[PDB]
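Following: one structure in structure tokens, then a few remarks.
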Ligand SMILES: *[C@@H]1O[C@H](CO)[C@@H](O)[C@H](O)[C@H]1NC(C)=O
Ligand SMILES: *[C@@H]1O[C@H](CO)[C@@H](O)[C@H](O)[C@H]1NC(C)=O
Ligand SMILES: *[C@@H]1O[C@H](CO)[C@@H](O)[C@H](O)[C@H]1NC(C)=O
């Protein structure tokens, strides 16, 4: 399986295109996310001489769900 | 006084040998069987209707979002699999829902209900719908 | 005649699905 989720790290917005979707923190529900690490719970991992913004978007058919979620774990590796 | 009403969780459509109940783990596809019982009460003529059994992702009964389970005294719509088996006449009222868990990030689903104690003497309040 | 009743347990599902991962610069 593969979706080819188009992730397009910008200078101020992380944007991931691929039902309601939401980031780790319940808002940012439309998919965009500000690059500010204090916004919708973006994970910061500064491995040496780089900085990656990891996040786990989730797609669910209805706000109640039955046996099917879409846990898209996308990261942005900035210089 | 207080007509203390209790409700438990049974494991099967089989309405006995239920779960003891501390924190139940279920397949989202699976089914659970909760029945409101009028234990420790009149039970000779007082029925037990199921008016507003509902669900919410918080111990508190006052949440912004909450699952309906059954509104307006019976059989909430919008749910594919709902069965109020014997709510109403008997001192035991039973209904079945498929497991679920809400939007956002919290795996904590709770069940809350509102119960009105009908009587079966010259009071035709069988819950009709 | 209109008391409120709650279930004394937590309903913990085992919802799980297809993990995905991607990269970007
Ligand atoms: C999420 O947005 C709702 C408005 O829909 C607001 O009530 C709530 O405080 C927000 N929560 C966070 C963590 O931003
Ligand atoms: C950190 O991870 C990125 C991911 O592509 C990689 O390019 C980089 O080499 C890693 N840093 C180190 C020090 O290995
Ligand atoms: C079903 O019937 C009774 C009560 O419903 C129970 O004692 C019996 O063990 C059950 N049989 C099963 C679950 O196979």
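Protein chains in written order, with full-length UniProt numbering: chain A, 221 to 238, 252 to 263, 275 to 323; chain B, 349 to 477; chain C, 324 to 348.
Each residue gets a CB set at the ideal place from its N, CA and C atoms; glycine is no exception.
Counting only the Cα atoms, residue 461 of chain B lies some 41 Å from residue 298 of chain A. Only buried fits residue 234 of chain A, as 16 or more other CB atoms lie within 10 angstroms of its CB.
The beta carbon of residue 446 of chain B sits closer than 6 Å to those of 379, 429, all from its chain and outside the five residues before and after it, given in chain order.
Taking non-hydrogen atoms of ligand 2 into account, the C-beta of residue 296 of chain A is found less than 7 Å away from one of them.
Residues of the segment 375–396 of chain B with a C-beta less than 8 Å from any C-beta of chain C: 375, 376, 380, 382, 384, listed in chain order. In this structure, the alpha-carbon of residue 281 of chain A lies about 14 Å from that of residue 230 of chain A.
Close to ligand 3, as judged by a C-beta nearer than 5 Å to any of its heavy atoms, are the residues B:362, B:364, in chain order. Against residue 320 of chain A, the close residues of chain C are 347, 348, in the order they occur along the chain (beta-carbon pairs closer than 8 Å). Listed in chain order, the non-local C-beta contacts of residue 289 of chain A below 7 Å within the same chain comprise 296, 298, local neighbours out to five positions each way being set aside. In terms of Cα proximity to residue 455 of chain B, the closest of C:348, C:345, C:335 is C:335. For residue 404 of chain B, the three-state secondary structure derived from DSSP is strand.
As for any beta strand (DSSP E) of minimum length 3 sitting wholly inside the segment 282–308 of chain A, the runs are 287–289, 295–304, ordered along the chain.
At a cut-off of 8 Å, the C-beta of residue 259 of chain A has a neighbouring C-beta in chain B. If you look at residue 320 of chain A, you'll find it in the beta strand (DSSP E) that goes 314–322. Between residue 343 of chain C and chain B, the shortest Cβ-Cβ separation is not below 8 Å. Separation of the CB atoms of residue 453 of chain B and residue 278 of chain A is rounded to 19 Å, and the pair is thereby denied contact status at 8 Å. Taken through DSSP and simplified to helix, strand or coil, residue 356 of chain B comes out as strand. For a cut-off of 8 Å, the C-beta gap from residue 355 of chain B to residue 389 of chain B is around 13 Å, too long to register as a contact.
By the rule that beta-carbons nearer than 8 Å mark a contact, residue 448 of chain B touches chain A.
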